[PDB]
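Single-structure report; data block below.
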Ligand SMILES: [Zn+2]
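Chains as they are written, first to last, in the deposited numbering: chain D, 71 to 140; chain Z, 5 to 290; chain C, 109 to 158; chain c, 24 to 310.
Below, the structure written as structure tokens:
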């Protein structure tokens, strides 16, 4: 089941991602990102990304439906 | 000219239930139905099918019933709800196939010119056999031989598109033969990959037992086509010798000093990190 | 709070959480976050202006 | 004499007809029927599903064609098995699952004709990864407004299978229709033939992928594993009392000391053993 978990975490990102830009970080594993569709959002972020690449600004990859940082 | 057929997993699946539909009155031990298809290239595609009433008699084995009118209307239905799909052939089961299949095929080649048939194996489902598909050509037989039909074979496979793997992966949920394998997974692939090696070989064992012993008339084509196999296996030599230990050692070096040492030192790091954190909580309890 | 953003549940529009960090778009080079580039002593000859 | 926590059995052959036909017409909200048998009071099974030709109206009562109805039923009587219709389904691409205002009228038509006539909503474009957004529902009366809607009783399997999701209770849940549980009539000889025939490789089990790319890959890992070993040197000879339980937690990065370590040692081990062990067997087996 540990290998099932790492697979399903892995295959959430190989997808037609949408691209927004990182805006602000609330805390651990949750932040504010604004999309390039307009309409600024507030979603959860992963545990994969090292958090030192989100300074105030970075173009980021976002899921369509769940809309989280990818 | 068919490269290979692609079996969508709804069709076989929709054969097994229809065998189970008639199974409450089951005395036929064969199920014949219509195989819809989508011809694209030299590779063939199948994604839908249905069944048709069919009977067959053990005596004289040449009185048989495909229903044309049932084949007309229900295909007219599936055309109306989906104009992408058309017929490509037919199916049956019971791997010891009845010899009537010349007559079944030569009838419904007036629906598809390059008609094709697929044998599924509902009850034998164990060792190495997903399905089997034939192709129909007719030479005389050979140069100085009488006439014949001679079904020929085209290789087969089981295909996969999106929104059926979604139906597949949600239905396995038990062991699944999990993604890219471990040590135990690869060794089992070598085990039952080799358990079918002699299984194909025990079949070719029995053929040249019962043809060379003296029962059934010999083919000539299969004999010399078997002959070149035995004059193609490699042997051991000095050039095989010095080369094998040249690159077995080279595979070995990566295992020996780079994997065994470094895994030990990491576990040796977990010694000191444990023993420091053990006794420093021990001596500082009181 | 003034300029207070809130987390809003996207279905039923209920207040999920008070969001901190009131709006600061494009404040990147503002508050530099790394100072050490030159020291106080390596200027020389400009003492009255210092 | 009232509803319970029921159960819906769908066959394996049904589910593949559902989300293939939904994936076929992905923009245009496809429509089909649901053909099974009301087996008792509070379980129901469905064995078979056939589709419907699509009209310009869409999912409504008018897309149900009565002459396509009785003709399709007739040619399933003599081949396969005849049985009663037990419901219907349609596809909602842009959102998960809830009965719309036109969906609720065609449910009234079937529940007046049939016993309960369970509807099914399938989202094909959301059902992608390893889970399926399929749900089944049933229209509740307004006569029980002074009584308990969802009239459930003596069982403890109501709190399972879903809590009522927020995107679905914003619509007519739970005062126009109720949810109902789904599990699968899953059996052997269909489980094993779908396992063993979709993922199998017989002669591939002793191939070689031989050595020009295998021994090349033996260079491809060792090189950065050298540099990552030098990074493993760095943290271990550091070893300072910087409150070392805090020093380990403020630099989690899915990084050097054990995470980016022996993971590579595993891949170097599994690739080379399975290569060399299959090499020795082919010398054994073939002369
Ligand atoms: Zn609808």
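Every residue, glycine too, gets a C-beta built ideally from N, C-alpha and C.
- Query: Which runs of the beta strand (DSSP E) fall wholly inside the region 123–193 of chain Z and span at least 3 residues, in chain order?
  - Reply: DSSP assignment within the region 123–193 of chain Z yields the following whole beta strand (DSSP E) runs of 3 residues or more, N-terminal first: 135–140, 155–157 and 160–162.
- Item | Inter-residue spacing [alpha-carbon to alpha-carbon] between residue 65/Z and residue 120/Z | Pairing residue 65/Z with residue 120/Z, the inter-Cα distance amounts to about 21 Å.
- Item | Sequence-ordered residues whose beta carbon comes within less than 6 Å of a heavy atom of ligand 1 | Residues flagged by the Cβ proximity filter: 82/c, 113/c, 115/c, 123/c and 126/c.
- Query: So is the beta-carbon of residue 31/Z under 7 Å away from any non-hydrogen atom of ligand 3?
  - Reply: This structure simply doesn't include ligand 3; it includes ligand 1 instead.
- Message: Within the continuous beta strand (DSSP E) that includes residue 104/D, where are the two ends?
- Response: Residues 100–105.
- Message: Quick test of the definition: if touching needs 3 or more C-beta pairs under 8 Å, does the region 200–208 of chain Z touch the region 75–84 of chain c?
- Response: No, the region 200–208 of chain Z is not in contact with the region 75–84 of chain c.
- Inter-residue spacing [alpha-carbon to alpha-carbon] between residue 34/c and residue 208/c: Those two C-alpha atoms are separated by around 5 Å.
- Message: Under 8 Å: do the region 168–183 of chain c and the region 136–153 of chain c share three or more Cβ pairs, one atom per stretch?
- Response: They do not touch, by the three-pair rule.
- Item | According to DSSP, residues forming a beta bridge with residue 202/c | Residue pairing by DSSP places residue 202/c opposite 160/c in a beta bridge.
- Does any C-beta atom of chain C lie closer than 8 Å to the C-beta of residue 126/D? So yes, residue 126/D belongs to the interface.
- Task: Go through its chain and collect everything with a Cβ distance to residue 230/Z's Cβ below 8 Å, but skip five positions before and after it.
- Result: Cβ within range, chain order: 208 and 212.
- Message: Beta carbons nearer than 9 Å to chain Z: which residues of the region 149–172 of chain c have them?
- Response: Against chain Z - using a Cβ distance shorter than 9 Å - the residues of the region 149–172 of chain c are 150, 151, 152, 153, 154 and 155.
- Message: Report the CB separation of residue 88/D from residue 134/D in whole angstroms; it is logged as a contact under 8 Å.
- Response: The distance from the Cβ of residue 88/D to that of residue 134/D is about 6 Å, consistent with a contact at the 8 Å cut-off.
- Task: Determine, using beta carbons only, whether residue 96/D comes closer than 8 Å to chain C.
- Result: Chain C, which has a Cβ nearer than 8 Å to the Cβ of residue 96/D, makes this yes.
- If you drop the 5 nearest sequence neighbours on each side, which residues of the same chain put their C-beta closer than 6 Å to that of residue 301/c? The beta carbon of residue 301/c is closer than 6 Å to those of 229 in its chain, skipping five residues each way along the sequence.
- Give the straight-line distance between the Cα atoms of residue 133/c and residue 139/c, rounded to the nearest whole angstrom. Whole-angstrom Cα-Cα distance: 8 Å.
- Message: I need the boundaries of the alpha helix (DSSP H) containing residue 82/Z, first residue and last residue.
- Response: Following the DSSP letters along the chain, one finds residue 82/Z inside the alpha helix (DSSP H) bounded by residues 72–85.
- Out of curiosity, what's the CA-to-CA distance linking residue 62/Z and residue 131/Z? One C-alpha to the other measures close to 29 Å.
- Task: Just tell me which of 68/c, 161/c and 236/c has its CA closest to the CA of residue 60/c.
- Result: Of the candidates 68/c, 161/c and 236/c, the residue whose Cα lies closest to the Cα of residue 60/c is 68/c.
- Task: Return helix, strand or coil for residue 283/Z, following the three-state DSSP convention.
- Result: Three-state result, residue 283/Z: helix.
- Item | Within-8 Å CB hit, residue 192/Z to chain D | Contact with chain D is absent for residue 192/Z, since none of that chain's Cβ atoms lies less than 8 Å from the residue's Cβ.
- Beta-carbon of residue 102/Z versus every beta-carbon of chain c: anything under 8 Å? No, residue 102/Z does not count as interfacial toward chain c.
- Task: Out of 36/Z, 49/Z, 150/Z and 222/Z, state which residue places its alpha-carbon closest to the alpha-carbon of residue 163/Z.
- Result: Checked all of 36/Z, 49/Z, 150/Z and 222/Z; the closest Cα to residue 163/Z is 49/Z.
- Closer than 7 Å at the beta carbon, the chain D residues around residue 128/C: What residue 128/C touches in chain D: 96.
- Task: Would you kindly report the start and end of the unbroken alpha helix (DSSP H) that includes residue 232/c?
- Result: For residue 232/c, there is no enclosing alpha helix (DSSP H), as DSSP gives it neither H nor E.
- Item | Under 9 Å by beta carbon: chain D residues contacting residue 182/Z | Those are 73, 74 and 77, listed as they occur along chain D.
- Task: Establish whether the CB of residue 298/c and some CB of chain Z are separated by less than 8 Å.
- Result: Yes, contact with chain Z.
- Closer than 7 Å by C-beta to residue 124/C: which residues in its own chain qualify, once you throw out the five before and the five after it? Chain order, please. Closer than 7 Å at Cβ, skipping near neighbours: 115, 116 and 117.
- Comparing alpha-carbon positions, which option in 245/Z, 184/Z and 18/Z lies nearest residue 125/Z? For the options 245/Z, 184/Z and 18/Z, the alpha carbon positioned closest to that of residue 125/Z is the one of 18/Z.
- Contact check, residue 96/D vs residue 129/C, beta carbons under 8 Å: Cβ atoms of residue 96/D and residue 129/C: closer than 8 Å.
- Query: In chain c, which residues lie with their C-beta within 9 Å of the C-beta of residue 81/D?
  - Reply: What residue 81/D touches in chain c: 152 and 153.
- Just list the beta strand (DSSP E) runs in the region 117–194 of chain c, keeping only unbroken ones of 3 residues or longer that don't cross its boundaries, in chain order. Listed in chain order, they are 141–145 and 157–162.
- Task: Let me know if residue 96/Z comes out buried or exposed under the rule of 16 or more other beta-carbons within 10 Å of its beta-carbon.
- Result: Answer is buried; the Cβ neighbour count reaches 16.
- Item | Unbroken stretches of the alpha helix (DSSP H), 4 residues or longer, contained in the region 25–107 of chain c | Within the region 25–107 of chain c, the complete alpha helix (DSSP H) segments of 4 residues or longer fall at 35–47 and 89–100, listed in chain order.
- Message: As a quick exercise: from 55/Z, 14/Z, 228/Z and 272/Z, pick the residue whose alpha carbon is nearest that of residue 259/c.
- Response: Among 55/Z, 14/Z, 228/Z and 272/Z, the Cα nearest to that of residue 259/c belongs to 272/Z.
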